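Written out below as structure tokens is the structure these notes cover.
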Amino acid sequence: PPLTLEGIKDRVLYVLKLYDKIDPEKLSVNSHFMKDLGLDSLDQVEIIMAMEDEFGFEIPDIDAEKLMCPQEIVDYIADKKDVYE
Amino acid sequence: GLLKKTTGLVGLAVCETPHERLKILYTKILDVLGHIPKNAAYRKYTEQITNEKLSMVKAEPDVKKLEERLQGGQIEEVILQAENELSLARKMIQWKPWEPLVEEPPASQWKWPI
Amino acid sequence: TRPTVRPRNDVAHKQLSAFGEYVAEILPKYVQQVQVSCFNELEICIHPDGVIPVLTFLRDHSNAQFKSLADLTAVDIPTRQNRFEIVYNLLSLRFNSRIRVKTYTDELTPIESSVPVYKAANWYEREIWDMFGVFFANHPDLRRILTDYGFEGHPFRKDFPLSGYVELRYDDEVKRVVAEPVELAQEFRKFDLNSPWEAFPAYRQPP
Amino acid sequence: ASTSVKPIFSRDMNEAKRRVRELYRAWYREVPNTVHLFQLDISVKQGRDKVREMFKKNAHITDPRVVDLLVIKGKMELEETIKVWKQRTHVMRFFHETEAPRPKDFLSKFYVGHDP
């Protein structure tokens with residue numbers, strides 16, 4: 001179907017919950033990957049690669065570094081997929 | 001002055017007009033050397049040898065006797081060397097090797113035995 | 001002359017010395033030292049930045065024409081700040097002469113690949129990387145060439161042990177060849193052979 | 001000065017770190033193919049944890065040139081694996097399956113030998 005900010009937000013949060021290192025209770029749509037969830041650099045890199053497989057497009061490292069919470073991932077995906085909704 | 005069938009070196013084709021080819025190459029080299037500072041040793045030395053080679057070309061019409069004077073093997077080998085020198089001179093202009101030593105080595109860099 | 005003494009060749013010694021000055025006059029930007037040995041071998045010691053310019057001049061210049069790269073290797077000298085000495089041995093068929101060009105580097109400083117000048121250098125530089133750990137910049141395909149895949153270390157360094165750190169055997173439990181730390185049934189026996197008396201006064205060093 | 005040196009690829013640690021993350025992504029995606037292609041008996045999770053362990057042991061480096069060489073070597077290692085120049089024995093050498101666990105506490109070392 002056509003994508004929506006709520007559909008994207010659903011999948012982004014779905015992938016993150018399949019990541020064994022994230023306690024889903026502490027997980028919110030704004031929790032910082034380092035500060036809140038307690039992950040480190042390499043964990044974040046793995047999360048981005050999960051989004052590459054979930055949303056099926058390349059997220060370069062220069063862009064991938066700034067994606068430090070689920071909201072920014074949603075904003076990046078919506079921005080790159082031209083969903084203005 | 002017959003036309004030899006082969007140079008004997010695989011991949012090196014016989015040259016039909018060696019004297020004219022040599023004059024063009026040596027003249028090009030001297031033109032390139034004019035872009036180097038007058039006191040660079042590369043210019044002084046290379047102009048010396050090129051003019052000697054160019055003078056032999058202008059004075060010896062027989063190819064067989066010219067090769068003996070140049071002492072550079074086949075005339076096609078001499079032509080190939082002129083092209084190599086022309087290529088080198090253009091690179092020298094970018095490198096500017098005539099400038100002072102970029103850096104001295106550490107105190108005991110070239111000391112042997114240690 | 002003395003039947004057991006190697007005869008000297010003073011003409012070649014003078015010719016090589018004059019050509020050594022010739023090279024140093026033309027490339028002062030890079031040449032650091034020129035010397036001729038008592039058995040008539042010319043060595044040009046250069047700053048590592050001069051690898052491509054010096055080698056290109058020696059290959060292509062009309063009075064040089066060193067078309068053949070006979071050999072390219074490295075020497076490890078741990079006492080030096082730049083422990084690795086890189087040695088190029090060149091041959092000129094036109095003038096039936098040889099020349100040696102030397103430069104230096106440390107473990108972290110890249111050297112420029114000479115593959116553009118001599119395509120012979122391709123595998124020689126892979127061997128230097130493999131055996132000494134010297135990196136060559138802009139090499140078309142730099143990787144190990146002599147050591148086992150996944151081998152760790154650079155075994156021609158003076159501080160790499162002769163027998164290495166690991167050894168191989170077939171293990172029946174895992175049905176494959178495995179690597180384990182080296183143990184020797186007989187340790188290699190180090191001999192101290194140097195005489196405590198000086199052999200060659202001509203090479204004595206200041207106290 | 002003596003601290004003014006020639007770089008390898010990276011002019012500072014931030015440039016070097018980008019290359020590290022690119023190498024890590026390449027290794028991360030290669031593990032499933034390696035386990036399948038070499039028919040290893042380890043899980044993809046075990047392979048990826050081994051990759052993470054190898055990157056962590058070098059986390060303390062602050063010299064970009066050292067980091068450059070670590071990435072250069074890591075990429076050579078990856079190429080050997082992807083091109084199948086390695087055999088299954090080479091891949092399994094990261095796991096030391098036939099080596100017994102050497103003791104780490106003072107007492108256990110004391111009982112077995114003289115080494116610290």
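In the structure tokens, each chain is lettered A, B, ... as it comes, each chain's residues begin at 1, and ligands are numbered from 1 in order of appearance.
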List the neighbours of stretch 24-35 of chain B out to 9 Å using only C-alpha atoms; skip same-chain residues closer than 6 positions along the sequence, and give me the result as a PyMOL selection string. chain B and resi 42-44+46-47+50-51+53-54+79+82-83+85-87+89-90+93
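The shell of residues at most 9 Å from residue A:77, with only C-alpha atoms counted and near chain neighbours (fewer than 6 positions) removed, consists of residues 8, 55 and 83 of chain A.
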Based on only C-alpha atoms, which of the residues in chain A come within 12 Å of chain D? I want them as a count of residues only. 22
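Residue-level contacts from chain B to chain C at 6 Å, counting only C-alpha atoms, read residues 41, 42, 84, 85, 97, 98, 99, 100, 101 and 102 of chain B.
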Sorted per-residue table, chain C near chain D, closest atoms and distance, 9 Å, only C-alpha atoms, as CSV:
```
residue,atom,partner,partner_atom,distance
C:108,CA,D:65,CA,6.3
C:109,CA,D:6,CA,6.1
C:110,CA,D:8,CA,6.2
C:135,CA,D:69,CA,8.4
C:137,CA,D:8,CA,7.8
C:142,CA,D:76,CA,8.5
C:143,CA,D:76,CA,6.5
C:144,CA,D:76,CA,8.4
C:148,CA,D:90,CA,8.9
C:149,CA,D:86,CA,6.2
C:150,CA,D:77,CA,6.6
C:171,CA,D:98,CA,7.8
C:173,CA,D:98,CA,8.3
C:174,CA,D:98,CA,7.8
C:176,CA,D:89,CA,6.3
C:177,CA,D:89,CA,6.0
C:178,CA,D:89,CA,6.5
C:179,CA,D:93,CA,6.6
C:180,CA,D:99,CA,6.9
C:181,CA,D:99,CA,8.9
```
DSSP-assigned helix (DSSP H, G or I) among chain A, expressed as a PyMOL selection string: chain A and resi 5-18+41-55+61-64+70-80
Residues within 12 Å of residue D:37, please, as JSON, numbers by chain. Count only C-alpha atoms; anything in the same chain fewer than 2 positions from it doesn't count. {"D": [30, 31, 32, 33, 34, 35, 39, 40, 41, 81, 82, 83, 84, 86, 87, 88, 91]}
Contacts of residue A:69 at 12 Å or less, counting only C-alpha atoms, minus same-chain residues fewer than 3 places along, as a PyMOL selection string? chain A and resi 9+12-13+16+27-39+44+47-48+64-66+72-76
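Atom CA of residue C:90 is positioned 17.3 Å from atom CA of residue C:112.
With distances restricted to only C-alpha atoms, D:17 is the closest residue to residue D:59 from D:17, D:105, D:42, D:112.
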Members of stretch 23-121 of chain C assigned strand (DSSP E or B) by DSSP, as number ranges by chain: C: 31-36, 42-46, 68-76, 84-92, 97-105, 111-112
Emit the selected residues as a short mmCIF file (atom, residue, chain, number, x, y, z; two decimals), in the first residue's frame, including N, CA and C atoms.
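Saved as result_33.cif:
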```
data_model
loop_
_atom_site.label_atom_id
_atom_site.label_comp_id
_atom_site.auth_asym_id
_atom_site.auth_seq_id
_atom_site.Cartn_x
_atom_site.Cartn_y
_atom_site.Cartn_z
N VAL C 31 67.71 13.67 -3.49
CA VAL C 31 68.88 12.85 -3.22
C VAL C 31 69.51 13.31 -1.91
N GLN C 32 69.67 12.38 -0.98
CA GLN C 32 70.25 12.68 0.33
C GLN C 32 71.71 12.26 0.44
N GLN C 33 72.12 11.21 -0.27
CA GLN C 33 73.47 10.70 -0.16
C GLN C 33 73.76 9.81 -1.36
N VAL C 34 74.98 9.89 -1.87
CA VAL C 34 75.44 9.05 -2.97
C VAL C 34 76.76 8.44 -2.56
N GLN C 35 76.89 7.13 -2.73
CA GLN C 35 78.13 6.46 -2.39
C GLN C 35 78.41 5.33 -3.37
N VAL C 36 79.69 5.02 -3.52
CA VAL C 36 80.17 3.94 -4.37
C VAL C 36 80.99 2.99 -3.50
N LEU C 42 77.01 1.44 -7.14
CA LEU C 42 76.54 2.79 -6.88
C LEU C 42 75.21 2.75 -6.14
N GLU C 43 75.13 3.47 -5.03
CA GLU C 43 73.91 3.56 -4.24
C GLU C 43 73.46 5.01 -4.15
N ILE C 44 72.20 5.26 -4.49
CA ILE C 44 71.58 6.57 -4.35
C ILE C 44 70.57 6.49 -3.23
N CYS C 45 70.80 7.25 -2.17
CA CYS C 45 69.90 7.32 -1.03
C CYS C 45 69.04 8.57 -1.15
N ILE C 46 67.72 8.39 -1.13
CA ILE C 46 66.79 9.47 -1.43
C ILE C 46 65.75 9.59 -0.33
N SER C 68 65.15 -2.06 -16.61
CA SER C 68 64.84 -3.30 -15.90
C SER C 68 64.91 -3.07 -14.40
N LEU C 69 63.86 -3.47 -13.69
CA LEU C 69 63.88 -3.52 -12.23
C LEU C 69 64.32 -4.92 -11.84
N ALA C 70 65.60 -5.06 -11.49
CA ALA C 70 66.12 -6.38 -11.14
C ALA C 70 65.46 -6.92 -9.88
N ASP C 71 65.32 -6.09 -8.85
CA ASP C 71 64.81 -6.56 -7.58
C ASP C 71 64.36 -5.38 -6.74
N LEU C 72 63.36 -5.62 -5.90
CA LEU C 72 62.88 -4.62 -4.95
C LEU C 72 62.61 -5.33 -3.64
N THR C 73 63.25 -4.88 -2.57
CA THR C 73 63.11 -5.54 -1.28
C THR C 73 63.23 -4.51 -0.17
N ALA C 74 63.09 -4.98 1.06
CA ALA C 74 63.20 -4.15 2.25
C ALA C 74 64.17 -4.80 3.23
N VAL C 75 64.69 -3.98 4.13
CA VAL C 75 65.56 -4.42 5.21
C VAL C 75 65.04 -3.81 6.50
N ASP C 76 64.97 -4.61 7.55
CA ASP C 76 64.48 -4.16 8.84
C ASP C 76 65.66 -3.88 9.77
N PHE C 84 62.57 0.60 8.41
CA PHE C 84 62.49 -0.14 7.16
C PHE C 84 63.26 0.60 6.08
N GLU C 85 64.23 -0.08 5.49
CA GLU C 85 64.98 0.42 4.35
C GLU C 85 64.47 -0.27 3.10
N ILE C 86 64.02 0.51 2.12
CA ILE C 86 63.47 0.00 0.87
C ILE C 86 64.53 0.13 -0.20
N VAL C 87 64.85 -0.97 -0.87
CA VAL C 87 65.98 -1.04 -1.79
C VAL C 87 65.48 -1.40 -3.17
N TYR C 88 65.76 -0.55 -4.15
CA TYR C 88 65.48 -0.81 -5.55
C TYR C 88 66.80 -1.08 -6.27
N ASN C 89 66.89 -2.21 -6.94
CA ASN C 89 68.05 -2.56 -7.75
C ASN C 89 67.65 -2.49 -9.22
N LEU C 90 68.29 -1.61 -9.97
CA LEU C 90 67.93 -1.35 -11.35
C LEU C 90 69.07 -1.75 -12.28
N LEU C 91 68.72 -2.11 -13.50
CA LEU C 91 69.68 -2.53 -14.51
C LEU C 91 69.48 -1.71 -15.77
N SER C 92 70.58 -1.30 -16.38
CA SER C 92 70.56 -0.59 -17.65
C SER C 92 71.24 -1.47 -18.69
N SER C 97 74.98 -1.36 -16.96
CA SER C 97 75.30 -0.87 -15.63
C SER C 97 74.13 -1.12 -14.69
N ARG C 98 74.45 -1.22 -13.41
CA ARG C 98 73.46 -1.39 -12.37
C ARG C 98 73.52 -0.20 -11.42
N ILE C 99 72.42 0.03 -10.72
CA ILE C 99 72.35 1.08 -9.71
C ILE C 99 71.37 0.64 -8.64
N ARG C 100 71.62 1.09 -7.42
CA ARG C 100 70.76 0.80 -6.28
C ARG C 100 70.21 2.11 -5.73
N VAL C 101 68.89 2.17 -5.56
CA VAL C 101 68.22 3.34 -5.00
C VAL C 101 67.56 2.91 -3.70
N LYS C 102 67.83 3.65 -2.63
CA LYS C 102 67.36 3.29 -1.31
C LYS C 102 66.58 4.43 -0.70
N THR C 103 65.53 4.09 0.04
CA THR C 103 64.78 5.04 0.83
C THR C 103 64.33 4.33 2.10
N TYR C 104 63.51 4.99 2.90
CA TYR C 104 63.18 4.48 4.23
C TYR C 104 61.73 4.78 4.56
N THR C 105 61.25 4.13 5.61
CA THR C 105 59.90 4.33 6.12
C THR C 105 59.79 3.65 7.47
N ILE C 111 54.57 4.31 1.50
CA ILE C 111 55.47 4.60 0.39
C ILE C 111 54.64 4.56 -0.88
N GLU C 112 55.03 5.36 -1.86
CA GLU C 112 54.31 5.40 -3.12
C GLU C 112 54.66 4.18 -3.96
#
```
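Note that atom CA of residue D:115 and atom CA of residue C:189 are 21.5 Å apart.
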Give me, please, the distance in Å between atom CA of residue B:8 and atom CA of residue B:70, quoted to one decimal. 18.4 Å
Need to verify the contact set: residue C:133, 6 Å, only C-alpha atoms, exclusion of same-chain residues closer than 3 positions in sequence. Can you return it as a PDB file with C-alpha atoms, in the first residue's frame?
```
ATOM      1  CA  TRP C 129      53.861  -5.664   2.503  1.00  0.00           C
ATOM      2  CA  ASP C 130      53.427  -9.327   3.421  1.00  0.00           C
ATOM      3  CA  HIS C 154      55.103  -9.843   9.352  1.00  0.00           C
TER       4      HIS C 154
END
```
